[PDB]
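Letter by letter, the chains look like this.
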Amino acid sequence: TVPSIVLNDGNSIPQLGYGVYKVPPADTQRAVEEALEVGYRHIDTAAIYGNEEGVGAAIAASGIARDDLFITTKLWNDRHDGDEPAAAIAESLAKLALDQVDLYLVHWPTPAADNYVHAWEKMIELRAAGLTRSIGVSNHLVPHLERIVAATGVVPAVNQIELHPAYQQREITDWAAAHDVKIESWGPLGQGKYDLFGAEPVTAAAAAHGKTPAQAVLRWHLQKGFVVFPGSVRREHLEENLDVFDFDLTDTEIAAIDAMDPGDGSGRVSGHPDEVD
Ligand SMILES: NC(=O)c1ccc[n+]([C@@H]2O[C@H](COP(=O)([O-])OP(=O)(O)OC[C@H]3O[C@@H](n4cnc5c(N)ncnc54)[C@H](O)[C@@H]3O)[C@@H](O)[C@H]2O)c1
């Protein structure tokens, strides 16, 4: 059993899902079929991942009822302009072989291109047309968010950003809570870019519950109310990552993990929105 959370638009989303980022396209179908089998229902993909087909194929292969699944895809940086958003989403839909997706995201803000507002406008139209159930963004900074909302009056259901113990983007998460936008933690486990599992706050919490560090970290995101979809191809980790609704961390435990953030942005492991396209 994976609990769901409710969006500002009333739609619900499973709090834990399976992200297929990094999964080679030729292997995505197996990977998803396995997650599916494991009990995963929320699939996180993206057009840029070039593996929507595999996901779609996996879905179809599973006997699974459409309504029981949560499918997320994202709008690539080069499709912000004109009616490209509608073209991009249609392509995605065709790959997934779905009528519509559950959630659709503006992959990156590409501020320098100053087309993220236009993208947002088009996104709204996509939802209106029923191409997607909900809409959100990704990698959007506070100013990005203010601007889109100001321009449209429509608030993203979510903001998918890089988030883990060493790099929390508190300003964003704070803004989100104030605006009722849910947070999707990408790279929830640091992408192996640093010794997260070695962190003492992490080991203390895991040990304190008879869980793994990965599990404890996952629990922290969850408890903080964020949405997670860690990547993994090992069934051992799949099952493991699913086994986190069984327990809960103490406030003290959470607080200790929260202290891991240097507060200077030095804990970042991936690309910054001001730098991507
Ligand atoms: N919005 C964006 O720009 C963006 C960027 C990156 C990823 N995403 C999404 O977020 C998902 C998760 O992030 P990620 O995969 O980049 O990094 P991550 O923090 O999930 O780290 C992934 C790595 O952790 C390992 N992992 C998973 N479970 C583990 C466990 N129990 N024990 C040990 N290792 C374990 C995997 O082997 C994998 O190599 C992706 O699948 C993708 O769908 C979105």
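Above this text you will find the structure in question.
Scope of this entry: the structure provided in the associated data block. (Residues numbered from 1 in each chain as written, not as in the entry; some residues may be left out. Heavy atoms only, no water. Residues with missing side-chain atoms left out of burial classes, pairs and counts.)

1. Notes on the site of the ligand
Residues in contact with the ligand amount to 25 residues; listed here are only the nearest, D44, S138, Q160, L189 and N241. Contacts to the ligand include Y49, whose side-chain N or O atom sits 3.4 Å from a nitrogen atom. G187 has a polar backbone atom sitting 3.1 Å from an oxygen atom of the ligand. Surface burial for the ligand is 84%, taken as the share of its 840 Å² of free accessible area covered by protein chains. Counting residues per element, the shell around the ligand draws most heavily on helix α9 (residues 235-242), at three residues. Within the shell around the ligand, the residues separate by chemical class into eleven nonpolar, twelve polar and two charged. (Near = heavy atom within 4 Å. Polar contact = N/O pair within 3.5 Å; in protein donor to acceptor, adjacent residues only side chain to side chain. Areas by Shrake-Rupley, 256 points an atom, 1.4 Å probe, with all protein chains shown as cover. Helix = DSSP H or I, 4+ residues; strand = E, 2+ residues; numbered from the N terminus. Nonpolar A, V, L, I, M, F, W, Y, C, P; charged D, E, K, R; others polar.)

2. Observations concerning helix α5 (residues 142-152)
Turning to α5, its buried residues are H144, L145 and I148. Seen end-on, α5 carries its buried residues on one side only, within an arc spanning 95°. Away from its buried face, by an angle of more than 90 degrees, α5 presents the exposed residues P143 and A150. Buried positions along α5 lie against α4 (116-128), β7 (132-138), β8 (158-162) and α6 (170-179). (Buried < 20%, exposed > 50% of the residue type's maximum accessible area, 1.4 Å probe, protein only. Arc of directions from axis to C-beta. Contact = heavy atoms within 4.5 Å.)

3. Looking at the packing of aromatic side chains
One pass over the full model with this rule turns up two aromatic pairs. With a centroid separation of 5.0 Å and an interplanar angle of 40°, the aromatic rings of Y21 and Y49 are classed as tilted. One end of the pair, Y21, is in the loop between β3 (18-19) and α1 (25-38); the other, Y49, is in the loop between β4 (42-44) and α2 (52-61), with 28 residues separating them in the sequence. You can call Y49 buried: its relative accessible area is 17%. Above the plane of the ring of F247 lies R219, whose end atom (NZ or CZ) is 5.9 Å from the centre. (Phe/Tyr/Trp six-rings, centres within 6.5 Å; stacked < 30°, edge-to-face > 60°. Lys NZ or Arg CZ within 6 Å of the ring centre and 35° of its normal.)

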